[PDB]
Structure formats: C-alpha cells, structure tokens
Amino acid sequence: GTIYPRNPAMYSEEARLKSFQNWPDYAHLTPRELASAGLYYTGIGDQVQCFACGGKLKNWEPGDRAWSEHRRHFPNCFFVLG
C-alpha cells in the first residue's frame, strides 16, 4: 500500500486501550478518548503516540482534546485525514 502505520499492532483500538494499564493518576485525559484518537501509551510520563503517523503528544493541559491536539501537531497524519 501507499501509506503504512508506524505501529501496526496498535492498529487495533482495543490494543491501544490496553496500553493505558499504568497511565498516571495525574493524567486527566481518559484512555477511551486517547485510544479513539489513534493514540497509545508509550509508558513514559503522560506521553502517548499515534499508531499511524508516529507522532507523540505529552504534557497535556486542561481543556486539551485528543483529536484536536493530534490534528494540531500532526495535520498530515493519515488517521487524522481519514
């Protein structure tokens, strides 16, 4: 194919959801929201990563939305654009 996800295993939303087992208690965004936006937990801090583009996102602020931050930093991501 003409595109390729950075992390094929994390193609699955359920796999992304499971990655949040040890998501920090200070991290306010829900694993549901984050997984839905293509993001899984890297195991470091509040840093997640997109399965598709491989972009990372961390240091989440109140008012942040997963999709909106994904699109702001990584607007040409095929998951964003799909």
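Don't overthink the numbering: it's just position in the shown sequence, from 1.
If you average the C-alpha B-factors over 60 to 68 and over 15 to 23, the higher value belongs to 60 to 68.
The PDB entry assigns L29 a C-alpha temperature factor belonging to the middle third of its chain's modelled residues. In the deposited entry, the Cα temperature factor of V48 places it in the lowest third of its chain's modelled residues. Among the modelled residues of its chain, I3 has a C-alpha B-factor that falls in the highest third, as given in the PDB entry.
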